[PDB]
Amino acid sequence: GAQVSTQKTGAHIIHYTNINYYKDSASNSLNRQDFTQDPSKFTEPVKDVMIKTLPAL
Amino acid sequence: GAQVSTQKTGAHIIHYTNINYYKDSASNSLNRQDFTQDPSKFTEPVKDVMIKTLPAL
Amino acid sequence: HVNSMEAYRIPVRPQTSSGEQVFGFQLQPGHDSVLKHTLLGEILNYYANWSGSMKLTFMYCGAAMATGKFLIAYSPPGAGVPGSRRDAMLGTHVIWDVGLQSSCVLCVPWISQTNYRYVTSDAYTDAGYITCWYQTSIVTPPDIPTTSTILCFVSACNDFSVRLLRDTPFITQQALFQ
Amino acid sequence: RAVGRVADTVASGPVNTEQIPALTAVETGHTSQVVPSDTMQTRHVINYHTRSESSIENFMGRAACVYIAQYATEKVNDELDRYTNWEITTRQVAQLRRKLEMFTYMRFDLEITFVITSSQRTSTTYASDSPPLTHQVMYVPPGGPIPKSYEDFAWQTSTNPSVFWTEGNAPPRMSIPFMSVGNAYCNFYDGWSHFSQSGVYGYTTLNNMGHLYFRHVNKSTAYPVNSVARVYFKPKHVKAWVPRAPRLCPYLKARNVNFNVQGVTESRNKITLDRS
Amino acid sequence: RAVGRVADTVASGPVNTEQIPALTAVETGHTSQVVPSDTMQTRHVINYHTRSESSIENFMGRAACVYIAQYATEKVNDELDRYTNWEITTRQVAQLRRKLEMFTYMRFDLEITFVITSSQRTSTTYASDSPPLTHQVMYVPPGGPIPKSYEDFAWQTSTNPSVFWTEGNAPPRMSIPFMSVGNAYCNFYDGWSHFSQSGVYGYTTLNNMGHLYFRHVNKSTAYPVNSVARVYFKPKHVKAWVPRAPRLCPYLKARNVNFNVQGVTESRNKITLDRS
Amino acid sequence: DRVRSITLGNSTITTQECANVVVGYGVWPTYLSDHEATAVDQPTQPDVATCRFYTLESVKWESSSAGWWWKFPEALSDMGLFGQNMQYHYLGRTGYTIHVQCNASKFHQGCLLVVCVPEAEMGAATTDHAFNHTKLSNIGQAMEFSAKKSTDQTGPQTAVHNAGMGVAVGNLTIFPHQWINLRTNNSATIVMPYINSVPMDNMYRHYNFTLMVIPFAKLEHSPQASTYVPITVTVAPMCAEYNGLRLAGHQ
Amino acid sequence: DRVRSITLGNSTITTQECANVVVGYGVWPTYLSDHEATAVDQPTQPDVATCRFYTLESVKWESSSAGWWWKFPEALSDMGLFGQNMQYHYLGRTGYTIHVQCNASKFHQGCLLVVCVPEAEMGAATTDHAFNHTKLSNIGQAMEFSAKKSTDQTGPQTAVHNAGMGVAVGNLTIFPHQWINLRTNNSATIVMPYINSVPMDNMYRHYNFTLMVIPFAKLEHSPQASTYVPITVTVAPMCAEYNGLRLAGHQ
Amino acid sequence: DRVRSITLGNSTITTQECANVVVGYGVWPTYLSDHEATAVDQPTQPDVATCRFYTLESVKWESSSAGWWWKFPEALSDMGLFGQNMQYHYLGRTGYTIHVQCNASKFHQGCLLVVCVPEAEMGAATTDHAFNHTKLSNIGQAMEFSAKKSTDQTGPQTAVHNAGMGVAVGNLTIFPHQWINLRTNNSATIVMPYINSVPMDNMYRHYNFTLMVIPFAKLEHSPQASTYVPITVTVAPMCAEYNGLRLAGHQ
Ligand SMILES: CCCCCCCCCCCCC/C=C/[C@H](O)[C@H](N)CO
Ligand SMILES: CCCCCCCCCCCCC/C=C/[C@H](O)[C@H](N)CO
């Protein structure tokens with residue numbers, strides 16, 4: 001039940017092991033490595049699509 | 001995710017195990033066993049090659 | 001003007017001669033007083049490093065019968081502040097023609113020698129200046145008020161990133177709130 | 001390209017087109033998606049930057065002090081009593097409160113860590129020899145029997161969760177799951193507690209998290225000792241919804257959002273810049 | 001042959017050749033690659049020696065004390081205040097400074113370890129009984145709100161990284177990644193901070209690493225106690241570029257490379273040797 | 001394009017200078033799912049007798065107008081059978097189609113922000129004092145901001161640049177919003193979904209969202225033009241459903 | 001359509017009422033070919049530090065304005081690194097994107113011819129007399145025509161109906177031109193190629209083309225409208241290259 | 001061999017007694033890669049108008065000469081269009097071909113170290129005092145060392161055996177260097193790449209490298225030989241590119 005995952009490294013021996021010790025999922029560590037996002041709920045929440053090159057009106 | 005590597009021994013039971021515990025690569029130990037080198041950037045940084053046996057000029 | 005809605009209202013009017021300045025501020029999106037309480041500026045004060053391009057949008061809120069052209073310029077920080085519209089036409093700039101589309105976007109590019117600038121400002125990571133100038137004038141028909149209004153909006157581009165979490169120097173307390 | 005990595009900019013040349021990416025309409029509610037490649041000539045840059053530090057788990061996942069609890073081994077009054085309590089809230093400190101109030105509804109698990117420290121009270125003498133002090137931090141769920149004194153039966157903690165800690169060791173720490181009777185923790189509640197639109201206005205009616213009682217389980221000391229217990233909340237497994245505007249004004253109370261009126265930003269002397 | 005192992009010498013006999021390995025030209029900037037096999041008769045030696053200790057990771061990877069921070073449980077003045085601070089730098093101690101300044105640009109991760117020790121201040125009496133002291137070492141990134149006093153709100157450390165440590169245990173230790181806004185840490189900067197070639201000359205304008213604030217989180221003691229915290233930097237995952245000449249002259253200041261003029265080496269009485 | 005027609009029930013909205021439609025957080029309103037419900041009794045869904053357009057009273061826009069706010073669903077407490085279903089039920093749930101409309105001329109100038117703020121919890125004008133609910137919102141009356149601070153002993157803090165919430169008024173553009181710029185824009189329509197931390201709620205003790213209308217660029221014109229411009233708000237509920245039938249409330 | 005966006009270097013022009021683009025004699029500017037070159041040394045081509053937009057000073061348009069002229073490349077002699085490359089080089093070669101811009105109102109009226117005349121060699125006002133070069137063109141100043149004849153002892157003949165060239169001003173519409181009619185047109189953009197009888201030339205002793213801006217229908221409006229309308233000229237070099245590097249000129 | 005010809009732009013260097021070429025740290029200068037850039041705007045690359053040879057003023061070599069230093073790119077601040085591109089741009093990036101030349105005779109004797117030191121940060125002569133920038137380097141003037149220590153109140157410490165950096169002068173042979181031994185060597189050429197911790201930089205607030213020329217064996221000859229020998233420095237930029245076009249600097 002060991003989860004070997006990728007460590008946070010830079011860009012131009014890179015793995016860590018995790019064992020879960022407790023029977024509750026609230027006892028687990030933080031989910032540091034989850035970087036998913038979609039900003040279209042806030043920046044472009046209009047009904048008809050608005051292409052950049054075309055005039056807005 | 002265990003990395004078994006060669007221990008530093010002399011010349012004339014020689015292995016160690018490493019588990020990475022943390023999610024950041026800056027949390028890792030030192031890279032003690034990296035002995036690569038190339039001194040030609042400093043000792044012989046000339047454009048044309050200079051053979052030892054031949055005269056330099 | 002900060003204690004009213006007059007703080008957001010950049011005033012423009014018909015001119016006697018052209019090429020005068022409308023406004024100007026330093027491009028310090030976490031330290032300058034113009035940009036540090038905006039919604040982009042408040043997130044950056046939780047961090048110590050910022051990187052990426054920004055979008056300055058402008059919005060002409062005058063009458064539909066009034067026309068106008070404007071030059072909005074970004075200057076890299078080497079030479080100092082631009083002193084005229086001739087000094088500002090040498091950097092990154094855009095000429096905005098006020099028409100049926102009321103808005104224009106000046107895109108401030110990331111022109112830096114480091115991959116990150118600092119949120120609290122210093123001289124090593126200075127980012128430059130934003131200025132706006134009258135390209136032509138405001139020309140109106142009769143029976144129209146003189147002074148109009150321009151609204152400036154800030155946002156981050158899709159290559160924007162922040163780094164090195166910190167406490168913000170905006171909220172304080174001397175005791176526990178009871 | 002990996003998840004969380006920013007976009008590259010593409011090489012763009014000169015244009016003379018009927019396309020107008022710079023001209024838009026703010027009246028539509030739409031934020032324009034203009035890239036620097038659209039308004040000027042750019043080069044191809046391979047951007048390797050990541051949005052790691054800006055995640056909701058990384059922005060929130062640092063422990064912040066939420067309460068300072070004081071209690072002694074000898075009663076002065078009921079503020080420096082043998083025991084003390086704290087209604088569990090996140091609004092008494094300003095640093096964590098401003099970070100949580102950037103969202104309307106959140107849903108997280110907690111880590112509570114205590115930094116308990118003692119100090120000898122000012123006296124005419126201090127020369128004693130005391131065994132190490134041990135503390136109890138009992139959680140009381142909403143509606144349970146609370147300690148009405150020291151030596152109480154309610155400190156028997158047969159069903160309440162307790163922790164015991166001797167001074168000198170590592171700080172105590174436990175994990176708390178998501179505890180709301182709704183589907184999210186409400187940072188804001190625009191309403192009342194009674195149906196007639198009266199009673200208590202605000203988020204106070206949606207915060208029934210219970211109390212946290214502190215004491216010394218040692219019976220006595222030779223000379224009185226004051227203790228201070230700092231409570232540290234670190235949220236983990238965080239979800240968040242409906243991002244709020246950040247707060248301008250400082251806080252005044254813990255149960256209200258009441259403020260004093262302040263200007264929108266700091267001032268300057270003129271609207272232009274005047275050098276060469 | 002393994003990586004890092006020195007070269008063997010080969011067996012060479014007598015020569016009478018038109019080859020001249022001994023004669024060269026220093027004017028070319030070239031260091032001659034002459035082996036003892038070229039200028040004399042040698043035997044075959046299998047050299048098993050290794051260049052392990054001479055690696056940049058092994059030469060740098062030992063912890064060195066970089067600062068001695070002093071603070072007390074009772075203020076004398078603002079130098080022996082309740083709290084203290086230190087702008088993070090590597091130039092106040094001379095042993096680590098001379099090792100880092102053998103290179104122009106470096107890039108490393110850090111390990112910071114604190115050796116905190118207390119001592120009872122000189123008084124007319126010492127006979128007391130105090131609980132164990134607990135310390136806080138809060139890091140403040142460049143531009144954050146700094147503690148202006150004890151009992152400050154800025155010690156709530158909701159977003160700043162803090163550490164807490166009771167006396168008696170193991171020394172505290174954390175890891176720091178590579179933190180420069182450029183692509184390497186600059187040990188040297190030949191330039192100014194302002195574009196008009198004025199302001200601050202030197203490496204001081206490229207060092208914005210923040211402060212490190214120290215205090216006792218205990219409120220009081222019966223008699224005042226002075227603490228000393230030693231800061232230990234060990235660089236790991238080290239890269240280095242452009243090797244500098246070692247420094248001859250001792251240092252005078254921490255923000256400059258200013259020196260007093262000294263001779264190139266120690267002297268002797270004559271240039272020859274005169275015995276048999 | 002600039003034309004748009006919205007039909008809900010027996011009511012139609014036509015607009016000849018429309019900017020666009022802002023849809024919430026990208027979510028269209030819908031009925032509650034079976035895997036998200038809590039109450040067990042069968043809901044009632046009056047589809048056309050409640051999800052129709054209800055117009056409110058106009059407000060006079062002046063040069064010295066600071067702004068107005070409406071709190072919902074309490075703004076429609078007496079609007080037909082939407083108001084009769086609130087009284088007879090314990091729980092309710094709905095999204096909205098807010099339509100704000102204001103025409104002036106090609107010789108007027110001004111700009112209005114139209115935000116929909118979920119849980120716009122307002123502070124008190126005189127602090128250390130709880131305020132009355134009729135100062136927060138009457139039944140359909142437009143509660144209005146002020147240019148300077150309020151010293152009301154039992155009212156909200158109506159200074160408009162702080163927006164009643166202690167925040168900067170310029171940062172309200174994260175909430176679902178449009179602008180009515182009189183140079184180009186005639187109306188502004190926002191479709192809000194149901195935003196709450198519970199699947200249904202009581203529609204009297206809770207203001208789910210607050211509609212604010214704020215002049216950022218003030219109204220100015222020639223004195224020989226029309227000196228009266230009104231601002232009308234037309235709101236349609238969407239996918240409204242109810243639970244917990246008992247006697248008529250609402251105490 | 002009426003919208004157009006021109007991006008050159010770090011500068012952008014936006015126009016919401018564009019007539020069209022006039023491209024020269026149907027030729028786009030480009031670099032010199034190998035089978036047409038004469039000089040043998042390698043040219044220098046600063047692609048974005050020189051081929052960017054440089055705006056000049058505005059001129060006030062009045063009812064009694066006769067017109068203005070600019071002579072090129074001498075009009076951009078001090079405009080950034082386009083002016084620094086002229087001083088250090090013997091030869092140069094470039095095409096241009098001329099953009100003239102003037103907005104008034106729907107209550108103004110006027111019309112401007114915008115011609116680009118190659119080799120607009122001007123006669124003298126006082127004949128049997130050679131004129132000064134600073135009367136032909138200063139460095140960026142708009143040299144302006146007159147309604148009646150000129151009696152300047154060392155200047156050009158600036159009567160506008162003869163256009164300084166002894167021709168009829170109405171016949172200038174064979175040179176690449178647009179019109180700015182204030183009823184319909186906001187700006188006017190002309191793309192000029194390199195026109196010369198030699199492949200490269202010296203950019204100081206030769207005015208390659210002259211931009212004239214002439215009111216054919218004069219500016220008139222009500223006295224209660226805006227009495228000041230300016231005319232701004234924004235010029236971008238295109239495919240500029242240079243030869244013959246020596247010390248800084250230009251004598 | 002001893003002959004070498006270096007051609008860059010419209011300039012050629014010929015040498016009949018060349019030692020060799022020292023190339024940096026084994027790296028040839030080149031333009032910045034796409035996976036290493038930070039700025040997003042298009043750079044300008046004047047290939048032959050900037051990457052040409054620029055010669056400086058000669059310095060008189062005497063028997064009592066301690067040495068001279070030049071700081072770059074500030075040594076070429078006024079050298080043609082390399083100096084004009086520094087003023088108009090925020091960032092710049094270049095490698096160099098340094099060529100130092102000094103001939104005497106077969107009857108003279110001397111030896112010069114020619115080092116290129118990256119980030120040669122100099123200490124102050126009078127300590128606890130910041131020095132002026134014009135004492136570190138003028139625009140093209142050779143700043144010169146001294147045989148004994150300096151007591152200048154606002155200048156660097158110019159004692160040559162400490163090399164201004166607090167190090168031993170004998171240990172400068174790790175930096176890219178040659179020697180001019182008058183017995184055998186006529187000139188000395190060093191090709192330096194771009195060395196910095198950032199991909200581009202400002203070329204005014206930062207001296208990227210310092211060229212030092214130091215007599216290790218002093219000049220001595222018969223009194224009836226030529227008593228004047230000069231030392232000329234000819235420097236060519238290589239692959240110079242720029243970013244951040246704005247007005248002319250440099251404050
Ligand atoms: C002695 C053992 C102590 C055990 C401690 C248990 C106490 C924790 C239980 C309640 C947890 C409440 C979490 C608080 C969340 C915030 O109030 C929300 N952000 C606001 O609704
Ligand atoms: C209480 C928790 C303390 C956490 C400590 C964090 C402090 C470390 C952050 C900054 C690290 C800076 C590393 C310094 C590098 C040198 O200055 C470079 N060699 C010179 O540029």
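Residues numbered from 1 in each chain as written, not as in the entry; some residues may be left out. Chains lettered and ligands numbered in written order. Part of a larger assembly, values for the part shown. Heavy atoms only, no water. Residues with missing side-chain atoms left out of burial classes, pairs and counts.

Method of determination, as annotated in the archive: cryo-EM, at 2.9 Å resolution.

**Here we look at the overall build of chain A**
This is how the line gets drawn: Each helix is a run of DSSP H or I of at least 4 residues and each strand a run of E of at least 2, with the numbering of both proceeding from the N terminus. Note that the radius of gyration is over C-alpha atoms, with the globule rule given as 2.2 Å times the number of residues to the power 0.38. With a 1.4 Å probe rolled over the protein chains alone, any residue whose accessible area is under 20% of its type maximum counts as buried; one over 50% counts as exposed, and the rest are partly exposed. Using the Shrake-Rupley algorithm and a 1.4 Å probe, accessible areas are obtained, with residue cover drawn only from the displayed protein chains. Here the positive residues are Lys and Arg and the negative ones are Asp and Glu; neither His nor the chain ends is included. By convention, the charge on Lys lies at NZ, on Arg at CZ, on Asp at CG and on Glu at CD.
Along the backbone of chain A there are zero helices and two strands. Its C-alpha radius of gyration of 21 Å places chain A more than 25% over the 10 Å reference for a compact globule of 57 residues. Considering only C-alpha atoms, chain A reaches an extent of 60 × 35 × 15 Å along its principal axes. Relative to its 57 residues, chain A shows a buried fraction of 18%. Total accessible area computed for chain A in this model is approximately 4,200 Å², and 53% of it derives from carbon and sulfur atoms. Side-chain charges in chain A split into 6 positive and 5 negative, and the spacing between the mean points of these groups amounts to 6 Å.

**Points about the overall build of chain D**
Helix and strand counts for chain D come out as three helices and 11 strands. Reading chain D from its N end, one meets helices and strands in the order β-β-α-α-β-β-α-β-β-β-β-β-β-β. For chain D, the C-alpha radius of gyration of 27 Å lies well beyond 19 Å, the compact-globule estimate for 276 residues. In terms of principal-axis extent, the alpha carbons of chain D reach across some 90 × 50 × 45 Å.

**Let's talk about the arrangement of the chains**
What counts here: Contacts are assigned to residue pairs that have any heavy atoms within 4.5 Å of one another.
Looking across the 19 pairs of chains in contact, one finds the most contacts between chains C and D. Over all C-alpha pairs, chain F and chain H never come within contact, reaching a minimum spacing of 28 Å.

**Description of the pattern of salt bridges**
Worth spelling out the cut-off: Just to be clear on terms, a salt bridge is a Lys or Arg side-chain nitrogen sitting within 4 Å of an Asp or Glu carboxyl oxygen.
All chains considered together, the criterion is met by 35 salt bridges over all chains. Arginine 1 of chain E is paired through a salt bridge with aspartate 8 of chain E; the nearest N and O atoms lie 2.8 Å apart. Judged by relative accessible area, which is 25%, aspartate 8 of chain E ranks as partly exposed. Between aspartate 190 of chain E and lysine 71 of chain H there is a salt bridge, with its nearest N and O atoms 2.8 Å apart. With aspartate 190 of chain E in the loop between β7 (185-186) and β8 (211-216) and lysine 71 of chain H in strand β6 (residues 68-72), the pair connects residues from two separate chains. In this structure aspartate 190 of chain E comes out as buried when scored by relative accessible area, which is 0%.

**Some words on the interface of chain A and chain F**
Quick reminder of the rule: Defined in terms of a 1.4 Å probe, buried area is the accessible area two parts forfeit on being brought together, summed over both. Here a polar contact is taken to be a pair of N or O atoms separated by no more than 3.5 Å, where protein atoms must pair a possible hydrogen donor with a possible acceptor and residues adjacent in sequence count only if both atoms sit in side chains. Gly is placed with the polar residues, together with every amino acid not listed as nonpolar (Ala, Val, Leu, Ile, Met, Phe, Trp, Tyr, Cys and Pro) or charged (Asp, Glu, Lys and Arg).
Each partner contributes residues to the interface: chain A has eight residues there, and chain F has 11 residues. Three residues, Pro45, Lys47 and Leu57 of chain A, lead the burial of chain A against chain F; their summed loss comes to 57% of the area buried on that side. At the junction of chain A with chain F, the criterion picks out zero salt bridges. Scanning the region where chain A abuts chain F turns up two residue pairs in polar contact. Across the side of chain A that touches chain F, the residue classes tally to five nonpolar, no polar and three charged.

**Description of the side chain of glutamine 16 of chain G**
Relative to the helices and strands, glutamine 16 of chain G resides in the loop between β2 (11-15) and β3 (21-23). Note on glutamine 16 of chain G: relative accessible area 8%, which makes it buried. Here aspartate 97 of chain C takes part through its backbone oxygen, which lies 3.2 Å from a polar atom of the side chain of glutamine 16 of chain G. Looking at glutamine 16 of chain G, its side chain comes within polar contact range of the main-chain oxygen of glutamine 101 of chain C, at 2.7 Å. Sequence-distant contacts of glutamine 16 of chain G, that is, excluding residues within four places in its chain, are made with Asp97, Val98, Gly99, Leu100 and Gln101 of chain C, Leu23 of chain D together with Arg2 and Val3 of chain G.

**Details of the interface of chain C and chain D**
Quick note on the threshold: Two strands pair if DSSP finds at least two bridges between them.
Counting from both sides, the interface comprises 63 residues of chain C and, opposite them, 56 residues of chain D. Summed over both sides, the interface between chain C and chain D buries roughly 5,000 Å², with carbon and sulfur atoms accounting for 60% of that surface. Considering only the side of chain C, the residues that lose the most area to chain D are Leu165, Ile171 and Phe177 of chain C, jointly responsible for 15% of the buried surface there. The tally of links between chain C and chain D comes to two salt bridges. When the shortest N-O distance is used, the salt bridge between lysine 36 of chain C and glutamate 266 of chain D registers 3.8 Å. Class assignment for the residues of the side of chain C that touches chain D results in 34 nonpolar, 22 polar and seven charged. Bridge analysis of strand β7 (residues 103-108) of chain C against strand β2 (residues 23-24) of chain D gives two bridges, and the strand direction is antiparallel. Residue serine 103 of chain C lies in a different strand from β2 of chain D, and its bridge partner there is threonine 24 of chain D.

**Considerations on the site of ligand 1**
Residues and elements named next belong to chain D. Selection criterion: When we say a residue is near a molecule or strand, we mean one of its heavy atoms is within 4 Å of it.
Near ligand 1 lie 19 residues; those nearest to it are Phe108, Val137, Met138, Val163 and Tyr185. Relative to its unbound accessible area of 610 Å², ligand 1 is 96% covered by the protein chains. Mapped onto the shell around ligand 1, the elements with two or more residues apiece are β5 (103-120), β6 (134-140), β8 (173-176) and β9 (185-186). When grouped by side-chain class, the residues that make up the shell around ligand 1 number 15 nonpolar, four polar and no charged.

**So, the packing of aromatic side chains**
Which entries qualify depends on this criterion: Pairing of aromatic rings covers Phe, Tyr and the six-membered ring of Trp, with a centre-to-centre limit of 6.5 Å; geometry is then stacked below 30 degrees between planes, edge-to-face above 60, and tilted otherwise.
Evaluated as defined, the whole model comprises 56 aromatic pairs over all chains. Ring centres of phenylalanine 178 of chain E and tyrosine 185 of chain E lie 4.9 Å apart, and the angle between their planes is 75°; on these two criteria the pair is classed as edge-to-face. Taking the relative accessible area as the measure of exposure, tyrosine 185 of chain E reaches 17% and is therefore buried. Ring centres of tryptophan 179 of chain F and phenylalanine 216 of chain F lie 5.2 Å apart, and the angle between their planes is 65°; this geometry places the pair in the edge-to-face category. Separated by 37 residues along the polypeptide, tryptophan 179 of chain F in strand β10 (residues 177-181) and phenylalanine 216 of chain F in strand β12 (residues 209-220) bring together distant segments of the chain. We classify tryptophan 179 of chain F as buried; its relative accessible area is 2%.

**Examining the site of ligand 2**
Residues and elements named next belong to chain E. Not every one of the 19 residues close to ligand 2 is listed here, only the nearest: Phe108, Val137, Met138, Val163 and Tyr185. Against a free-state accessible area of 610 Å², the protein chains account for coverage of 96% of ligand 2. For the shell around ligand 2, the elements supplying multiple residues, two or more each, are β3 (103-120), β4 (134-140), β6 (173-176) and β7. Along the lines of polarity and charge, the residues of the shell around ligand 2 split into 15 nonpolar, four polar and no charged.

**Structural notes on the state of the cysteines**
Rules: Criterion for a disulfide: a pair of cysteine sulfur atoms at a distance within 2.5 Å.
Applying the stated rule across the entire model yields zero disulfides over all chains. With no disulfide of its own, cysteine 107 of chain C lies 4.0 Å from the sulfur of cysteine 157 of chain C, the closest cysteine sulfur. Looking at the unpaired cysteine 239 of chain G, the closest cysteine sulfur is the one in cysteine 51 of chain G, lying at 6.3 Å. The buried category is assigned to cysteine 239 of chain G, whose relative accessible area is 19%.

**Details of the sheet that holds strand β6 (residues 68-72) of chain F**
Strand pairing in a sheet is mediated by backbone hydrogen bonds. Such pairs are either parallel or antiparallel. Residue and element names in this part refer to chain F. Taken together, the five strands give an open sheet; going across it, the order is β9-β6-β12-β8-β10, and neighbouring strands pair in antiparallel fashion. Since the sheet does not close on itself, it has two edges, and those belong to β9 (143-144) and β10, each with one partner. Inspection of the sheet shows β6 paired to β9 by two bridges, in the antiparallel sense. Counted as the bridge partner of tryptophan 68 is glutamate 144 from β9.

**Regarding the side chain of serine 187 of chain H**
Residues and elements named next belong to chain H. One can find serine 187 in strand β11 (residues 187-192). Taking the relative accessible area as the measure of exposure, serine 187 reaches 3% and is therefore buried. With sequence-adjacent residues up to four places away left out, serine 187 is seen in contact with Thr15, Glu17, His99, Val100, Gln101 and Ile180.

**Comments concerning the pairing of strand β13 (residues 229-245) of chain H**
Residues and elements named next belong to chain H. With 16 of its 17 residues buried, β13 lies for the most part within the structure. By the bridge criterion, two bridges tie strand β4 (residues 54-55) to β13 in an arrangement that is antiparallel. Paired with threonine 55 across the strands is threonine 234, a residue of β13. Both strand β5 (residues 59-61) and β13 contribute to a ladder of three bridges, which runs antiparallel. Paired with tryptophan 61 across the two strands is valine 229, which belongs to β13. Judged from the 11 bridges that link them, strand β7 (residues 89-101) and β13 form a sheet pairing that is antiparallel.

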